[PDB]
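Q: I would like the atomic coordinates for the input below:
(chains A, B and C)
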Amino acid sequence: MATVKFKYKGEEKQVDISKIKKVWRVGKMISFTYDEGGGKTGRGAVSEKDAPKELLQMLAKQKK
DNA sequence: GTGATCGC
DNA sequence: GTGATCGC
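A: Residues are numbered from 1 along each chain as shown, chains lettered A, B, ... in the order given. Take a look:
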């Protein structure tokens, strides 16, 4: 519902957090995948520092 | 290296 | 099997 903005292979992306498929923590990094067009899966990551709460709670609720 | 994945 | 990616 809210969005996450992140920079991936140069330049900024903004994705609806409803598209996020999987999220995991790597120390202070919040890493994820997300659904795109064409049946493809995108990757992105953000600092925990100001990560959207919607995304952080997904982390705490899944199941890897 | 780290966690996980894409895209070879 | 693995190189690049992401924040650190």
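Q: who's the closest residue to residue A:6 other than its chain neighbours bridged to?
A: Of all residues not flanking residue A:6 in the chain, residue A:44 sits nearest, at 4.2 Å (CB to CB, 6 or more residues apart in numbering). (Each C-beta comes from the backbone N, C-alpha and C, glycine too.) Taking DSSP bridges as the rule, residue A:44 bridges to residue A:32.
Q: which stretches of chain A form strands?
A: A:3-7, A:12-16, A:20-26, A:29-35, A:41-47 (DSSP state E).
Q: mean neighbour count, the ones you listed: which tops it?
A: strand A:29-35 (a mean of 18; mean count of other CB atoms under 10 Å).
Q: would it count as contacting DNA strand B?
A: Yes: judged by CB under 7 Å from any atom of the strand, strand A:29-35 and DNA strand B are in contact via A:29, A:31, A:33.
Q: if I look at residue A:23, how far off is residue A:32?
A: Applying CB to CB, to the nearest Å, one obtains 4 Å for the distance of residue A:23 from residue A:32.
Q: may I see the residues of strand A:29-35 next to DNA strand B organised as CSV, with distance to residue A:16 added?
A: Output for the residues of strand A:29-35 next to DNA strand B, formatted as CSV (distance: CB to CB, whole Å):
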residue, distance to residue A:16
A:29, 21
A:31, 18
A:33, 14
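Q: please tell me how far the residue of chain A positioned farthest from its centre sits from DNA strand B.
A: Distance to the chain centre peaks in chain A at residue A:38, reaching 18.8 Å (criterion: CA atoms, centre = their mean). Look at residue A:38 and DNA strand B: by CB to the nearest atom of the strand, to the nearest Å, they are 9 Å apart.
Q: now do the contacts for the most centrally placed residue in chain A.
A: The centroid of chain A falls nearest to residue A:32 when counting by CA atoms, centre = their mean (4.1 Å). Residues counted as contacts of residue A:32 (CB atoms under 8 Å, 6 or more residues apart in numbering) are A:4, A:20-24, A:43-45, A:55, A:64.
Q: and chain A, which of its residues are near DNA strand B?
A: A:22, A:24-27, A:29, A:31, A:33, A:40-41, A:43, A:45, A:64.
Q: so what's residue A:3 up against?
A: Counting by CB under 8 Å, 6+ apart, residue A:3 has contacts A:14-17, A:52.
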